[PDB]
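Read the single chain below, which is given as structure tokens and is the form deposited in one PDB entry.
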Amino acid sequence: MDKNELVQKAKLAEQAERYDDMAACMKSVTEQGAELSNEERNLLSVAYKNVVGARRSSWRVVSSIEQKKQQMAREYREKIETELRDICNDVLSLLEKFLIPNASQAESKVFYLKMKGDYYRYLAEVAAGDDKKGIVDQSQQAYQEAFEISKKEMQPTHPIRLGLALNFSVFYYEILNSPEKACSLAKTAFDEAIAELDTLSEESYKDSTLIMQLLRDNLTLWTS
């Protein structure tokens, strides 16, 4: 039903900073059932990252003011939390129903499994103490599978492989409270990527290099 008209309208929304609209277009494109292109793939992700990220930022503000009649903050934080769980469940619904199953290329399988690890990580950050274990399990399980595949099929300099390391390391350090595992994951990714630094083209170097600078900062931050 004019998927290009939606992929186009989605591009128009991102330009106008209307991510909620952009998400509505990309989700409809995903719902068709045809495997997404690498360009649609990245539009659906940017849309959802901005929509859920607004909620995460708001929650970190309302939950920081809660720390310092503040019962109102707890009520609002509950609100924002419901919006955030709803958006995560959405993305995860798309992931299980269409994206992961239609993923033919390995690079997309890693990109999608990483997204699943991130969206469960966002649910973990706001989880009821009871539900938290299961949700943490789900995130780690998704990232571990993406990891194994990226190791097998991608070069250490691949940005999807490097971005997976960055996010999986931040999951261990914050979600799992494991500094030794998180630092080790980030340092290996950086080291293996710099072992093969000669491979990066003049045109495509910045894509992996930017992520590497980021692995280093987390490591610098976590070690000091």
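One-based numbering along the sequence shown. Only residues modelled in both forms are compared. If you superpose the two forms and keep the largest set of C-alpha atoms that fall within 1.5 Å, you have the rigid core.
Per the records, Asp207 is modelled in every other compared entry, just as the shown structure includes it, so no third of them leave it out. Judged by mean Cα B factor in the deposited record, 75 to 83 ranks above the other of 75 to 83 and 89 to 97. As listed in the deposited structure, the average C-alpha B-factor of 47 to 55 and of 27 to 35 is greater for 27 to 35. By the numbers in the PDB entry, the CA B factor is greatest at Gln67 among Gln67, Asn42, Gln155, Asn167. Among the modelled residues of its chain, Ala128 has a C-alpha B-factor that falls in the highest third, as given in the PDB entry. Compared with the other modelled residues of the chain, the Cα B-factor recorded for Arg161 ranks in the lowest third. Among all modelled residues in this chain, the alpha-carbon of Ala103 has a temperature factor (C-alpha) in the middle third. In the deposited entry, the Cα temperature factor of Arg18 places it in the lowest third of its chain's modelled residues.
From this point on, the text means the form deposited in another entry, which you will not see here.
Summarising the superposition on the core between this form and the one not shown, the listed residues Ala24, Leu214, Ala13, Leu200 contain exactly one with a Cα shift of 2 Å or larger, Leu200. Residue range 198 to 205 is the only run of 3 or more whose C-alphas all shift by 2 angstroms or more between this form and the one not shown once the rigid core is superposed.
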